[PDB]
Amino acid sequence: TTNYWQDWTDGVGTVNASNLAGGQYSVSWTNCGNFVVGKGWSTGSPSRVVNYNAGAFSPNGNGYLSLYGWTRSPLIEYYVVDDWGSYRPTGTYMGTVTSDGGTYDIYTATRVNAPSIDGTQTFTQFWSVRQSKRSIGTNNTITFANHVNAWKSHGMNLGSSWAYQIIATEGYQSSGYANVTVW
C-alpha cells in the first residue's frame, strides 16, 4: 500500500485533487496548465509491483494516467503510461516492452531546463507508453521490474537515488476528472 501523496500544479487552471483514504485519490481539473497528482511511495523501488484501479479517467484533452517517478544520479523522470486523453506521448523511439498483458513503446526524451525534483535542470525522460489505452475501471497491474529491465536493455539505466513513485494523473492544457486507487 501507498505512503506518499503528490499534489503538484503549475498554478495554471483550476486543479482540485483529494487525498482520500488509503491509496485512493480523485482529481478534477478545469483548463489546467500542468499538474502531477497521485499516490504511491516516497521511495521508488525498481522491483515494486504496482496495482491500481482507475474509477474514472475522463480527460477532455491531454492527460496521462502513468506510473511516474524520478531517480537521481542520473536525474531521470520516468513514465509508464497506461492511459492518455487526446494525445499519446511520444519521444525518441527505442523499442517495445511487453509487461502485464500489454505492449508499450519505449521512448526517451531530453527536457531542457524544465522543472525537476532538484530545481530547474536539464534532465532525461524514460517513457513506457502503451500502444493502446489500457482499460479503466479494472484492477490493473504494472510490474515495474519489467520496464526497468527492458529499459536497461535499450541503454536506459536508471539513477542510483530513487525518489517518489506514484500512479499519477497528469494533465497538460485540458480539463477532466480522475478517480484512482493505488495499492
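Only the largest set of C-alpha atoms that superpose within 1.5 Å between the two forms is called the rigid core. Residue indices: 1-based, along the sequence shown.
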Checklist entry - Out of 115 to 123 and 26 to 34, which shows the greater rigid core-aligned C-alpha deviation in 6 other deposited structures of this protein? => result 115 to 123
Checklist entry - How does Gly69 rank on Cα B-factor within its chain, lowest, middle or highest third? => result lowest
Item to check | Among modelled residues of the same chain, the CA temperature factor third for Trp41 | outcome: middle
Checklist entry - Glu77: which third of its chain by C-alpha temperature factor? => result middle
Item to check | Entry-reported Cα temperature factor of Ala145, expressed as the chain third it lands in | outcome: lowest
Item to check | Lowest, middle or highest third - CA B-factor, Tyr52 | outcome: highest
